[PDB]
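[1] no sequence on hand, only this structure:
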RNA sequence: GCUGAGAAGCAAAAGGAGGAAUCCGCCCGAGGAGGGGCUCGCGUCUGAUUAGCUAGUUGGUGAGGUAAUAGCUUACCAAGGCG
């Protein structure tokens, strides 16, 4: 498999470099988007997928220099996933990729807008308060305030996870505007 | 590069965008185009019921000054200069 990277190195311009790859964007959708241009032997996505979201830097490797020139030209201004990818050239591409794909497959745990992100919670707001909110509304899994690490005041940020996607949607829509005491909270699915 | 006969000395910099590639820059020079600053020949209204004017005035040197020549400015010398 390191054969694919070494083959590309040897060729010289099988290389094409992909910048601002989205958060949902994956080795397979990189391959599908770029295989139209020509037969990709290999595709490299860097591992920032702790969660779904990506590093937004990757490599693709062609059979030919010419396919790589065509993909560099055509792909730039391509929307994937709501974010737009430039293909200028890369260094001769680097397909650890098998390791990354395995970690990506493992790493992704959370699927679908099932968690709610809290914006604006006032500094008085307690972890228990968030439990009260989340439990009062549609039925509930867990509650967190993101508190300052340096020393540990709320910094007013925080999360729910609910038991259903529907409860997430209702909490987002019902809440946003929301006073909780002293300050106007915004909640989105994340 | 500059000052100076040479001797000698003196003088500059800035990072930013981008994964890179590179691009926009910055500092010191050398040209060019264009834009300016000066100088001069010639042309540029009437009145003699206005006939003398001009003393930094017109020259010269020295010292300064200007982006640059220059009474541009100043001290001294010459008495010029316009009609």
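    Ah, there it is. Residues are numbered from 1 along each chain as shown, chains lettered A, B, ... in the order given.
[2] excluding covalently adjacent residues, which one is nearest to residue A:85?
    Excluding the flanking residues, the one nearest residue A:85 by C-beta to C-beta, 6 or more residues apart in numbering is residue A:78, at 4.9 Å. Bear in mind the C-beta positions are built from the backbone N, C-alpha and C, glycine included.
[3] ok, now which ones touch the one you found?
    Residue A:78 is in contact with A:33, A:84-85, A:87, counting by C-beta atoms under 8 Å, 6 or more residues apart in numbering.
[4] just residue A:123 next, same as before
    A:153-154, A:156, A:182.
[5] now with 10 Å?
    Going by C-beta atoms under 10 Å, 6 or more residues apart in numbering, residue A:123 touches A:153-156, A:181-183.
[6] counting neighbours, which of the residues you listed comes out on top?
    The member of these that has the most neighbours, counting by other C-beta atoms under 10 Å, is residue A:156 with 21 neighbours.
[7] does that residue touch residue A:130 like I think?
    No. Using C-beta atoms under 10 Å, residue A:156 makes no contact with residue A:130, being 11.2 Å away.
[8] any common contacting residues for the two?
    A:118, A:121, A:145, A:180.
[9] smallest distance to RNA strand B belongs to which residue of chain A?
    residue A:88 (3.1 Å; C-beta to the nearest atom of the strand).
[10] neighbours of that residue, how many?
    Around residue A:88 there are 10 other residues, counting by other C-beta under 10 Å.
[11] for residue A:177, give its distance to residue A:84.
    32 Å (C-beta to C-beta, to the nearest Å).
[12] out of the two, which sits in the more crowded spot?
    More crowded of residue A:177 and residue A:84, by other C-beta under 10 Å: residue A:84, with 14 against 11.
[13] hang on, isn't that one packed against residue A:25?
    No. Residue A:84 is beyond contact range of residue A:25, at 11.2 Å (criterion: C-beta under 10 Å).
[14] between the two ends of stretch A:3-23, how far is it?
    Taking C-alpha to C-alpha, to the nearest Å, stretch A:3-23 runs 28 Å from one end to the other.
[15] same deal with stretch A:81-90?
    End-to-end for stretch A:81-90, by C-alpha to C-alpha: 22 Å.
[16] and the strands in chain A?
    Taking DSSP state E, the strands of chain A run over residues A:15-19, A:40-45, A:57-62, A:78-80, A:83-88, A:115-119, A:140-146, A:157-162, A:178-180, A:183-189.
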